[PDB]
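Everything below concerns the one structure shown next.
2 protein chains.
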Amino acid sequence: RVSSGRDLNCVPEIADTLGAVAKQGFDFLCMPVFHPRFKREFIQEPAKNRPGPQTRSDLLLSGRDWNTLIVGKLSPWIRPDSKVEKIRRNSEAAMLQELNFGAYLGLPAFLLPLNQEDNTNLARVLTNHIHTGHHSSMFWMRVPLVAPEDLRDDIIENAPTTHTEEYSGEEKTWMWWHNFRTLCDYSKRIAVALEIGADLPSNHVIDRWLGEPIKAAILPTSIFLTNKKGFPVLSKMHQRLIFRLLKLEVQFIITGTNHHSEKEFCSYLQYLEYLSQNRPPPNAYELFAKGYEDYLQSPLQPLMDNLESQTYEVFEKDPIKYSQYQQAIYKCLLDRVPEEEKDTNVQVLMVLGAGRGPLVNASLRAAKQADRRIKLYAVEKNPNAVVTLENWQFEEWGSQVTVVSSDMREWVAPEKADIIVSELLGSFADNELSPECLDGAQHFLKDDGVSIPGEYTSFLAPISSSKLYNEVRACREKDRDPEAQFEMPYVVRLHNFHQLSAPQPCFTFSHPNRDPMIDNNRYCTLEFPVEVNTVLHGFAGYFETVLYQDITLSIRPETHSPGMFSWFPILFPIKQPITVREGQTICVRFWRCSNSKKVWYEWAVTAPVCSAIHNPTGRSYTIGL
Amino acid sequence: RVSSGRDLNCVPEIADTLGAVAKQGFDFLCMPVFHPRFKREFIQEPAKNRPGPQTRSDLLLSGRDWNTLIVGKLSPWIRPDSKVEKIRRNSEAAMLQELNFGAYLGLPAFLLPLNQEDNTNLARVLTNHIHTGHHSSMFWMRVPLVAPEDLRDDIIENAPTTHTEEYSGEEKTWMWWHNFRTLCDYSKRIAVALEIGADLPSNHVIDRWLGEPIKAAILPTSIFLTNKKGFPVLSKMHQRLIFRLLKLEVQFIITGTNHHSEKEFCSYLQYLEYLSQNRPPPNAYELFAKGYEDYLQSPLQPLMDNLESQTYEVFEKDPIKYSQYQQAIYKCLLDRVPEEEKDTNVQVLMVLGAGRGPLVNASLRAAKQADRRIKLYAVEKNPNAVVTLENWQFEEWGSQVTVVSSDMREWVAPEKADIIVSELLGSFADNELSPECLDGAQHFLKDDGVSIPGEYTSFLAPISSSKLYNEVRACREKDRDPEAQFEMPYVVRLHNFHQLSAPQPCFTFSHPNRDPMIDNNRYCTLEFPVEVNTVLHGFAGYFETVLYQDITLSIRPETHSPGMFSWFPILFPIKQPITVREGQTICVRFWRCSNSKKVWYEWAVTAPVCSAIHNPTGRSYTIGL
Ligand SMILES: Nc1nc2cc(CN3C(=O)c4cc(F)ccc4[C@]34CCN(Cc3ccc(F)cc3)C4=O)[nH]c2cc1F
Ligand SMILES: Nc1nc2cc(CN3C(=O)c4cc(F)ccc4[C@]34CCN(Cc3ccc(F)cc3)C4=O)[nH]c2cc1F
Ligand SMILES: CSC[C@H]1O[C@@H](n2cnc3c(N)ncnc32)[C@H](O)[C@@H]1O
Ligand SMILES: CSC[C@H]1O[C@@H](n2cnc3c(N)ncnc32)[C@H](O)[C@@H]1O
């Protein structure tokens, strides 16, 4: 179930080592490429002219074994940021040599340590190696939760351990990582191998690593407790951490000697398996979502574009949404039509944007459970979908449903509606121009008519995700602005991220709109109180909608409709990441803009520092009218 | 084995039709999306306001069935290039409607006919559809080998069939295709469905379709002969054509009614299977090559770059090459050392570019079968490979082999060589700068010393491939010249192409070079007599090398070393395709250029029309010294 490997810093025979490791159930082996103690000179004679082979032959394993089962390790003596000029220069040449040999073997990953603050020259050498030739080899940066200096035993007489609560000081290992990856300019080849300590730090220190590219989680043998049976286990603190790490789907590495000598070394791995099996299973949401983790997709525009058959199919495969629509209409029928006017009053319903007709069906079910008479129209502009409607209408529905093949803004209605039902909402509610469409369809609603939905609101929340930022970055395309990708929203299942503040309402719309000279342009200022140090990369967008009264749909995490999976969150990126100290307020500004042809959003951060205004004049992103 | 489908222009029940087709062993079904006879008006009333559904519902099949098993067909009444303005306008609207519905269903392919010369407005509408939205749906252009007018029965009294040999006139259906795809600007979505006739045309007419994107081969039932048993078969003419088509791996479509009424419809398909099984099986070359058909790869530069382990591995997995090297050295030892000086004379061999040491081994085998004494050096600049050499040398070889870790141009030799052995040849021979390296290593050769190889030559041949041209086109990258991809050679297994003329020698090099002030710059004019109409897209490059005397290696098709698969051909593209009439000479000019840092090629076509000079000053492509 769980993908696990073994860290060793001693390999006397490479073939024999693997065999043992593989027999214990490990998937891969982290090991040195040159002997850890084999220190090499590159400048001063005569040690530079040392004869003989420098390491093992590549022939000792097959090409496939190198490619899948081995993870390289930088030798410990290599210190590129040494104060001594000689050791620096030597460590440079040695680092390149080891990294080059790693690429020669075609290793999938290679471990480098972050065990101090200044890793500038380390970063400069690695970056150079990345920009030499072509390779897909990952680089896992070995970085501890807690720095070695901060978890040392208080046993030095004239140098006691810091007994002071230093909020910023306990987050230092993240700052080590942050600076390194910034210098390297957010390379997608550079990821984190997070080393877990005996004493876990405060909760904030761990939350720091949310939204970071964690590929490995190194577990020492020392941190394992022993149970009554006499086999390795972990604390309830560590258990909760491993449970969190299993959601990220990281690869767990075991390092250190067998402290549980009486038992096998498989026991450690068997415990991780034990934890893997013993987790809360994936719900309908996470079942379906499994696959689209942090996958950027362009927001659908069913007005500008005509949706495909299989796009409508996946909409229809959400029974919770339509049951809510069914219930919404059901109640509205009872309110508008009394019991004494059951078979006198026929309500005029108008599904605006009928698609392949899930609402038409729902409206039929709603009328039957209510036991009230209805007259249905099914307005749909997409002519490909209208083919589906008419075939259904001929076979199943009949003359009760009148299929109209038109835009709702254009259509001249032969009758006014008591209810209009729509499904024109995207992940940011109004991103499919539901306001404009329903405004244009408003004239053929009765003066006392109802709209379903009657209201919808969009929400925003600041997020830190070095993953998603790096994902957007990689959406640069030929023949357009170099930074166009940052000035456009994405539909994405947000997974590896950190929500820095609680969602707040952005834009609200009410139908039918009764405000004279109806304007759908907006400008919203939001202030998000941050309680942690972090780096803002964008703003996650959600929405809520009121169908009728107490009938609602929502993708806002705290009020999320259970089971529903018809809308993933939306992501508004920013060009440049913005550092945010604990106590500081993130201030974002959002505009909804329009002309006769297009609608778009612009946005800007104004605190703690200013960003550029994103998507001015909809240059990078527009929504078609 | 063979991928086959069924063409129908009559589908009364879509579900039942598939069942029958699937039971007969067909993989997919070509069918209409709207009823062939269902002609629709879009302008004039009242026919434009025709009620009811326009076609079948998408719900009759599953999404997956549409995506894999159905191929769309444009209705026959749709004529976008009609002389009548009304029929034109109507056919435009209808064409878009059908194409849009095809995309709605998510069909993998869609058939459009090329049954006349002028298909300009057809091309204009299709191109518009391609540039509307995003889809991966292919478009198969139905084009006959022989035009309907040219295969009609000579049964009209006052209009007899052309009994004249019109060389250009019999190639007209290709010109139909050529013009169409040119208008559409070589879209990768547009391919050919070649319709085979009863009487096959002349051989030249068929050769015209070499290097064209043929995805389907439509076979009417009428063209099938009947055997003594009373089941469908094909002529020896058609058999050879199908054998050629099986190499291209096209999908065979069966069209028309069952003329063999007594037998099943599976019999037709079973015959294609019968042919599929009964072909000459793939040799060692085609066995290994299967996968890299028309796959563009960048030429290796083992001087500038350090080759990976698995790059050396695949070199070593060619036993024919080294057996030739073994035999080459074997003979040279016997010539240089007589029988009476068997154990007096030790020959000094020097493998220049030893890699992981296949030649060192071969030199050992060659000396043993010859029974002569040798002293080996193993010069290698790549330090990663030197690790392999030294481990081998320690374990196996010993002090007979002296591993040197240096550039051969730099290395100060402590002894002069009787033989130097090298493996510095690429697909265009001198594209790895074997001339420069061996010139720089020439000083430590004895005055009577031998070089293996002693000579090598590069060859060029003009090719027509609309596939490969379109492949290169798609190698456009951000942040460089828009046409850089055309000014650089590619290593590629040439498959779907047409060789327009016989290869001719381009550049030759002899080692040891004894010409004062050795210049490796060159300028070569070649004239290629073409005997067919075609469109030049590039120049395939090959090479021959003389190891010693009668010991040679070659990838030139006519003199190709049997079994060897260590070099695929190289491809020099051109920016713009060049039309070439039968009888015309293709004149190409090739330069080998250099400065102190780089070596590169430039090239230009000078007849029948001039091209631009490609890669001036090595702007787009250089080979590193
Ligand atoms: N009018 C409507 N608009 C909308 C707008 C949406 C959201 N949406 C996109 O914008 C979008 C853009 C894309 F490129 C791809 C997919 C989407 C979705 C639709 C489905 N889906 C969830 C999902 C996808 C995959 C999955 F394995 C599980 C769940 C989204 O995120 N759903 C509507 C339903 C309506 F009726
Ligand atoms: N010094 C040498 N140079 C050379 C130069 C070559 C040719 N070459 C490339 O340039 C090249 C460039 C690439 F991106 C990828 C591959 C190649 C090859 C090497 C192997 N191969 C054949 C093949 C590949 C794959 C296959 F499934 C079957 C056969 C080529 O075409 N082979 C040498 C061997 C030497 F000893
Ligand atoms: C069921 S998803 C929403 C549906 O509304 C349709 N739609 C969107 N805008 C309009 C409009 N202005 N008039 C009619 N249908 C519309 C879309 O084509 C889609 O089928
Ligand atoms: C076996 S493929 C050719 C080999 O020659 C080596 N080589 C290429 N140019 C030189 C050079 N100038 N000096 C030494 N080895 C070389 C390459 O590193 C490769 O291993």
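Quick mapping for you: the protein sequence lines, in order, are chains A and A'. A prime marks a further copy of an entry chain.
Under the deposited numbering, the residue at position 572 of the first sequence is numbered 584, and the numbers go up by one with no gaps.
Under the deposited numbering, the residue at position 399 of the second sequence is numbered 411, and the numbers go up by one with no gaps.
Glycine included, every Cβ here is placed at the ideal spot set by N, Cα and C.
Taking the alpha helix (DSSP H) that residue i belongs to, which residues open and close that run?
i: residue 325(A); result: 321 to 328
i: residue 398(A); result: 395 to 404
i: residue 12(A'); result: Since the first residue of chain A' shown is 13 and the last is 637, residue 12(A') is not available in this structure.
i: residue 479(A'); result: 478 to 485
i: residue 249(A); result: 248 to 260
i: residue 348(A'); result: 331 to 348
i: residue 264(A); result: Per DSSP, residue 264(A) belongs to no alpha helix (DSSP H); it is in the beta strand (DSSP E), 263 to 267.
i: residue 107(A'); result: 97 to 117
i: residue 217(A); result: 215 to 219
Which residues bound the beta strand (DSSP E) around residue i?
i: residue 596(A'); result: Element bounds for residue 596(A'): n/a, residue is neither H nor E.
i: residue 31(A'); result: Taken as a continuous stretch (DSSP letters only), residue 31(A') belongs to no beta strand (DSSP E), being part of the alpha helix (DSSP H) at 26 to 35.
i: residue 187(A); result: Taken as a continuous stretch (DSSP letters only), residue 187(A) belongs to no beta strand (DSSP E), being part of the alpha helix (DSSP H) at 184 to 195.
i: residue 380(A); result: Element bounds for residue 380(A): not the beta strand (DSSP E) but the alpha helix (DSSP H), 370 to 382.
i: residue 152(A); result: 150 to 156
i: residue 518(A); result: 516 to 522
i: residue 229(A'); result: 226 to 232
i: residue 590(A); result: 582 to 592
With a threshold of 16 other CB atoms inside 10 Å of the CB of residue i, please say whether the residue is buried or exposed.
i: residue 581(A'); result: buried
i: residue 588(A'); result: exposed
i: residue 150(A); result: buried
i: residue 55(A); result: exposed
i: residue 269(A); result: exposed
i: residue 96(A); result: exposed
i: residue 196(A'); result: buried
i: residue 535(A'); result: exposed
i: residue 591(A'); result: exposed
i: residue 499(A); result: buried
i: residue 299(A); result: exposed
i: residue 61(A); result: exposed
i: residue 593(A'); result: exposed
i: residue 526(A'); result: exposed
i: residue 492(A); result: exposed
i: residue 501(A); result: buried
i: residue 384(A'); result: buried
Any idea which residues DSSP pairs residue i with across the strands?
i: residue 615(A'); result: 602(A'), 626(A')
i: residue 537(A); result: 601(A)
i: residue 244(A'); result: 238(A')
i: residue 554(A); result: 471(A)
i: residue 42(A); result: 19(A), 83(A)
i: residue 490(A'); result: The partner list for residue 490(A') (beta bridge, DSSP) is empty, contrary to what the question assumes.
Interfacial residues, the segment 535 to 561 of chain A' to chain A, with Cβ spacing under 9 Å: none
Interface residues of the segment 385 to 407 of chain A facing chain A' [CB-CB below 9 Å]: 394, 395, 396, 397, 398, 399, 400, 401, 402, 403, 404, 405, 406, 407
Could you list the residues in the segment 102 to 133 of chain A' with a C-beta less than 8 Å from some C-beta on chain A, going in chain order? 109, 112, 113, 115, 116, 117, 118
Give me the subset of the segment 59 to 77 of chain A' whose CB atoms are less than 8 Å from a CB atom of chain A, sorted by chain position. 64, 65, 66, 67, 68, 69, 70, 71, 75
Under 9 Å (Cβ pairs) to chain A, residues found in the segment 298 to 322 of chain A': 317, 318, 319, 320, 321, 322
Identify each residue in the segment 284 to 295 of chain A' for which the Cβ-Cβ distance to at least one residue of chain A is less than 8 Å, and report them in chain order. none
Using a Cβ cut-off of 9 Å, which residues of the segment 354 to 378 of chain A contact any Cβ in chain A', in chain order? 368
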